[PDB]
């Protein structure tokens, strides 16, 4: 087991990682910006280092300051959480070169899967179904670009290979728009990612966003831990996630899960990861892989009993997976509501002092948050302040508990999306299940 780790992150995920460390008897080093001195996990950590002033560029993205803190505290490993440096291949490489364990994949694996064209080629080669596409970057030959759109069938979508979070994407519905759409996607990718490489996929009009959790030890063993439906979203921000996905049979789960586990073996994957799919008319189509733990990991933990952060720490310590595939059982249902310091109607961010705070309780109710009464949500970071996860023996019980938990949750002094989450839980289409990625934008547009 790792003697001591740096938690290279903040907010709810830093606290999540701290708890996993304490359960395993791992010493914690909380690195923080000067604005994050009062984070709950900093106040609970064995040691603390202030790594710079508020802005992330000076603190949480500051590679020399983080490595320096890990050196002076005698830590042996760094957990990057999600966001910040978690998919920064140069960071992973520097951590290993400075003689630390990186709690995540090999740097070369982060590079492979962070380049969307090379990632799709690897997945297609492994037997993972992908979206009908260019299967390679687009050139400047518009005869060949039109021939790819024709074979695929309009509508199509142009994506940046260095792209992500929905930025650097353009839908094309006929030939007249194709040349200008490719040119503009290139220019946007070059200006943002210093990488003008683009590819083409068939555009699916009304898919669900369904993702497969994996764990691999990097020693030849890989398992899948069912799927999450992340379709309830607004402007490429997930709002509700659930596990398992409604309408997914055991035979479908097994089909796509086995192809994801086999892909992990083929690419030498190490640690926690997520395969993202479009799911439409009963078919899965790979779009991209997250090479890190994700925000919504708790819904998978509730339905499998697997602690994904502890597994990340065991794998990083060099332990092979102890869990075999035949020991992974989907049981019951879990829903996660993201709690954001933003206006429930305008989504204007709402940093500020929380003047009153009460967390929900009950059977099947899990609260993941650093916030407390008197804590100031700072203006410098993300709006996501907490995650409310409710489990039941079925989806209806999970939703019933979430409605009750949302009604107990008090956060005064800032705006939150708690009232939006209550509306979503009361929505008849959500209660039926299986709504598509466009549903929440449509409901709010009315």
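Numbering follows the first chain given and starts at 1.
Comparing 104-112 with 72-80, the stretch with the higher mean C-alpha B-factor in the PDB entry is 104-112. Stretch comparison (198-206 versus 224-232) by mean CA B-factor in the PDB entry places 198-206 on top. Taking the PDB entry at face value, the top CA B factor among 94, 88, 291, 181 belongs to 181.
Out of 218, 332, 298, 137, the entry records its largest CA B-factor for 137. Per the PDB record, residue ranking by Cα B-factor puts residue 338 in the lowest third of the chain. For residue 238, the recorded CA B-factor ranks within the middle third of the chain. Only modelled residues enter the ranking. Residue 352: CA B factor lies in the lowest third for its chain, per the PDB record.
Among the modelled residues of the chain, residue 269 sits in the middle third by CA temperature factor in this PDB entry. For residue 372, the recorded CA B-factor ranks within the lowest third of the chain. Only modelled residues enter the ranking.
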